Amino acid sequence: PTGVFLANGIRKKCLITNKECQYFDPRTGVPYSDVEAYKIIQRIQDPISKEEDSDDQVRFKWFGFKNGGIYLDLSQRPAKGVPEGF
Amino acid sequence: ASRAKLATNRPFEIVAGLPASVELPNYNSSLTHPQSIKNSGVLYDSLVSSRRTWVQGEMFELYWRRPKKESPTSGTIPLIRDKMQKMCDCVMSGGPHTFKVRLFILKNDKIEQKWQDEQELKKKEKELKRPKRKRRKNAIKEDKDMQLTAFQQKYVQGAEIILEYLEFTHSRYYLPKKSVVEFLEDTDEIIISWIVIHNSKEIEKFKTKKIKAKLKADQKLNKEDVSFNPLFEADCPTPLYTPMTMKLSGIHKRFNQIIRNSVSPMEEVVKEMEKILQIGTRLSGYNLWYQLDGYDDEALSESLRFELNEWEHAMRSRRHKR
Amino acid sequence: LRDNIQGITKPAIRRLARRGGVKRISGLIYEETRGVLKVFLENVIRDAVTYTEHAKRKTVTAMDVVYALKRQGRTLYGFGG
Amino acid sequence: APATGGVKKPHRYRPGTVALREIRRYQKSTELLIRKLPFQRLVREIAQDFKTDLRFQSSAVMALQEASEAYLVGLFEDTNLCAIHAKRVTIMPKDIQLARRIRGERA
């Protein structure tokens, strides 16, 4: 499947933001609503952010949950108070 | 589950129905004829799955679901509407994904009775001791925004908060009491963290068995003449656990107090979490292989494509139902 | 001895029907099956017991059972015939 | 170091599949399927009703069990064909009754 439109002419909704999709990524085929969406997808790609504090960069990993999976950033600072080893 | 059982020795495993490996994918070493991400769509499938799961996952305990249809069950909809109070609209981020929410209070009747008793006591104490200025309207607006109106004045502490998805109003979930809440005054962002156990049903059922055993022992002793914590118990099955963290944005000062009061005493849950962290099995982190070989993985590729087609075919009807 | 018509249980009827290859069963089947078995047993046993009583006898032998069944036309091999 | 293997899920075989497994398994087996003692209880009771102070040979009781099982399997397969003809998978008492009538045990 390609493009940002449904068969009835209604615009697709962004999977990332739920905004109405404006543009379509020809390389991967993932339509995106906004520049932020595209950047987030690209950061999901390019797992080794070749800047060559490097470990502190946003590193999304996929975790398998009952009947599906989610993307989690291991660099996410958890809420203040998390114990050692959290 | 019915997804095609991968041929033996593929350089990937099927996790949550998708090809993934613990190590970072090395396409260049492993693939001779890699299909494009366009051709594979694995990334697309992953993203749709992620969003949907976030809409339907186990992060927050479910408490109300719209009943799947002169049946009086229609009349219960306004009752369920009134049993909650209506509160203002706020944004939530889930991993790379973001969602929006309106807020709803679950009416604790004990707080209502105690508020009536407190007003009675205060009245009796007081009896025993004994154009229009728009700036005043602005002052009242600001006061009601950072101080509390009557419903907020009663539901400051011990109020119960329900979450709902504005893109999927069909399910309502409990805000985790066993959670760490940080209110960022500078950014107006709130980060919530909690530990989650994938076999929690197993632990709860074994807990019930232990409770029955202790009750039977006490009954046997009585025939002659309790903060039961499953996580502390030596015979508790291994928790497969994950730690989770999420950020809220868009909540207003007055609501923060209600939220801040609502969560549990921090040290107790911290100690419980530390026990969970010693006893728990952490979920392993792995990497999706978004690119597949057109020849060795033809069946898998087409299967994914078909399932995506069906998903999209269903997705149109969702708005067509509105 | 009492209620032994129940003693056959449901699971025995289940297994026997499973031998018969039935993929789907109904609750009422069990009672009907028990009735059929009851009348079959009654007839076979009456024939066997009369075969026994002829011989100025007290113990029903496998010969009495097998020849009673033969008289009902049901022929059984492998028990010393 | 140990992989989690993802997240396990309660495996739920589709209804009727393990039923077919049982069909095949029990069909291959050849032993007596009815428990010996309660069948002995039934035959003892019926004979005691019919005649006082009877005795049995053990072999006679075993032969009665074998004959019963054979008849019952035949009846059940007939009932299966009847239900099939009805275009139903759920066998019903009427299917047995029909089988009997066509057989002539109650015509």
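In the stretch B:19-31, the qualifying residues are those that are crowded, with 17+ Cβ neighbours inside 10 Å and closer than 17 Å to B:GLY294 by Cβ, and the one that is nearest to the other protein chains (Cβ to nearest Cβ) is B:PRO25.
Please indicate, with yes or no, whether at least one residue in the stretch C:42-50 is in a loop (DSSP other than H, G, I, E, B) and facing another protein chain (nearest Cβ under 7 Å). No, the stretch C:42-50 has no match at all. Please verify whether the stretch B:112-120 includes one or more residues that are over 25 Å from B:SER262 (Cβ atoms) and either under 32 Å from the mean Cα position of the chain (by Cα) or not hydroxyl-bearing (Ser, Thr, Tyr) (or both). Yes; the residues of the stretch B:112-120 include at least one that is over 25 Å from B:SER262 (Cβ atoms) and either under 32 Å from the mean Cα position of the chain (by Cα) or not hydroxyl-bearing (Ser, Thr, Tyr) (or both). Whenever a residue of the stretch B:273-289 is closer than 21 Å to D:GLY6 by Cβ, its partners that are basic (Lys, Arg) and not in a loop (DSSP other than H, G, I, E, B), lying with C-beta atoms within less than 9 angstrom and at least six residues away or across chains, give the pairs B:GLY285/A:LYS61; B:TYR286/A:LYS61; B:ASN287/A:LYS61.
Being hydrophobic (A, V, I, L, M, F, W, C) and either under 30 Å from B:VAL196 (Cβ atoms) or under 26 Å from the mean Cα position of the chain (by Cα) (or both) is a property that B:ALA16 has.
Has the stretch C:41-61 got at least one residue that is of a type in the set (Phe, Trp, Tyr) and under 17 Å from D:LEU72 (Cα atoms)?
The first filter runs over the stretch C:41-61 and keeps only residues of a type in the set (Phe, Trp, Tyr), leaving C:51.
Among the residues that remain, those that are also under 17 Å from D:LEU72 (Cα atoms) are: none.
No, the stretch C:41-61 contains no residue that is of a type in the set (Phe, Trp, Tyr) and under 17 Å from D:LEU72 (Cα atoms).
Kindly state which helices (runs of 4 or more DSSP H) lie completely within the stretch B:32-95 and contain at least 3 residues that are of a type outside the set (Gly, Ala, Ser), within 14 Å of chain A (Cβ to nearest Cβ) and farther than 17 Å from B:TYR165 by Cα.
Details: elements: B:37-40, B:42-56, B:76-83.
Where helices (runs of 4 or more DSSP H) fall fully within the stretch B:32-95 and carry at least 3 residues being of a type outside the set (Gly, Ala, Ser), within 14 Å of chain A (Cβ to nearest Cβ) and farther than 17 Å from B:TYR165 by Cα, they are B:37-40, B:42-56.
The set of residues in the stretch A:55-68 being surrounded by 18 or more Cβ atoms within 10 Å (Cβ to Cβ) and more than 13 Å from the chain's Cα centre (by Cα) consists of A:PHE63, A:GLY64, A:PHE65, A:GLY68.
The set of residues from the stretch D:71-82 being facing chain C (nearest Cβ under 8 Å) and not β-branched (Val, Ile, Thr) comprises D:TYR71, D:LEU72, D:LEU75, D:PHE76, D:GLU77, D:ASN80. Looking only at residues in the stretch C:1-23 that are surrounded by 15 or more Cβ atoms within 10 Å (Cβ to Cβ) and outside any helix (DSSP H, G or I), the one that is nearest to the other protein chains (Cβ to nearest Cβ) is C:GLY20. The C-beta contact set for the stretch A:58-69 (first residue more than 7 Å from chain B (Cβ to nearest Cβ), second residue part of a strand (DSSP E or B) and acidic (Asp, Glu), distance under 7 angstrom, 6+ apart or interchain) comprises A:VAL58/A:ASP73; A:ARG59/A:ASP73.
Can you name every residue in the stretch D:49-65 that is exposed (fewer than 15 other Cβ atoms within 10 Å of the Cβ), facing chain C (nearest Cβ under 7 Å) and assigned to a helix (DSSP H, G or I)? If the condition is that a residue be exposed (fewer than 15 other Cβ atoms within 10 Å of the Cβ), facing chain C (nearest Cβ under 7 Å) and assigned to a helix (DSSP H, G or I), then D:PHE50 is the only one that fits. Within the stretch D:9-20, being among the hydrophobic types (A, V, I, L, M, F, W, C) and facing another protein chain (nearest Cβ under 7 Å) holds for D:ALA19, D:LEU20.
Identify the residue in the stretch C:24-41 that is hydrophobic (A, V, I, L, M, F, W, C) and in a helix (DSSP H, G or I) and, among all such residues, is farthest from D:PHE50 (Cα to Cα). Can you show your working first?
Filtering the stretch C:24-41 down to residues hydrophobic (A, V, I, L, M, F, W, C) leaves C:25, C:28-29, C:36-37, C:39-41.
Checking which are in a helix (DSSP H, G or I) leaves us with C:29, C:36-37, C:39-41.
Working: C:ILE29: 27, C:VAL36: 18, C:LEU37: 16, C:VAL39: 13, C:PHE40: 14, C:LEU41: 11 Å.
Out of the qualifying residues, it is C:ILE29.
Of these, B:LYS137, B:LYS100, B:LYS141, B:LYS124, which one is part of a strand (DSSP E or B) and charged (D, E, K, R)? Talk me through it step by step, then tell me what you get.
Numbers: B:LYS137 fails: part of a strand (DSSP E or B); B:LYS141 fails: part of a strand (DSSP E or B); B:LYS124 fails: part of a strand (DSSP E or B).
After ruling out the rest, the residue left standing is B:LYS100.
B:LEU163 passes every criterion in (1) surrounded by 12 or more Cβ atoms within 10 Å (Cβ to Cβ); (2) out of contact with any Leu (no Cβ under 7 Å at 6 or more places or on another chain) apart from (2).
Within the bounds of the stretch D:70-91, is there any residue that is within 26 Å of C:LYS23 (Cβ to Cβ), of a type in the set (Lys, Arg) and within 18 Å of the chain's Cα centre (by Cα)?
no
Checking B:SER193 against (1) within 20 Å of B:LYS83 (Cα to Cα); (2) assigned to a strand (DSSP E or B); (3) not charged (D, E, K, R), which test does it fail? Checking B:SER193 against (1) within 20 Å of B:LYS83 (Cα to Cα); (2) assigned to a strand (DSSP E or B); (3) not charged (D, E, K, R), the one that fails is (1).
Looking at D:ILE23, D:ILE34, D:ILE96, which one is in a loop (DSSP other than H, G, I, E, B), among the aliphatic types (A, V, I, L, M) and either within 8 Å of chain C (Cβ to nearest Cβ) or surrounded by 14 or more Cβ atoms within 10 Å (Cβ to Cβ) (or both)? Break it down stepwise before answering.
Values: D:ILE23 fails: in a loop (DSSP other than H, G, I, E, B); D:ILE96 fails: in a loop (DSSP other than H, G, I, E, B).
Being in a loop (DSSP other than H, G, I, E, B), among the aliphatic types (A, V, I, L, M) and either within 8 Å of chain C (Cβ to nearest Cβ) or surrounded by 14 or more Cβ atoms within 10 Å (Cβ to Cβ) (or both) holds for just one of D:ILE23, D:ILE34, D:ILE96, which is D:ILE34.
When the stretch A:1-18 is limited to residues that are at the interface with another protein chain (Cβ under 7 Å from one of its Cβ atoms) and either buried (at least 19 other Cβ atoms within 10 Å of the Cβ) or charged (D, E, K, R) (or both), the one that is nearest to B:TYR44 (Cα to Cα) turns out to be A:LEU15. Please determine whether any residue of the stretch B:302-318 is more than 30 Å from A:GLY9 (Cβ to Cβ) and away from chain D (no Cβ under 14 Å). No; the residues of the stretch B:302-318 include none that is more than 30 Å from A:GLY9 (Cβ to Cβ) and away from chain D (no Cβ under 14 Å). Within the stretch B:176-190, identify whether any single residue is crowded, with 18+ Cβ neighbours inside 10 Å, outside any strand (DSSP E or B) and touching a strand residue (DSSP E or B) at 6+ places or on another chain (Cβ under 9 Å), and answer yes or no. Yes, some residue in the stretch B:176-190 is crowded, with 18+ Cβ neighbours inside 10 Å, outside any strand (DSSP E or B) and touching a strand residue (DSSP E or B) at 6+ places or on another chain (Cβ under 9 Å).
Bear in mind that the values in this text are calculations on the coordinates, not laboratory data. So basically every Cβ, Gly included, is an ideal-geometry build from the backbone, and we count neighbours across all protein chains shown.
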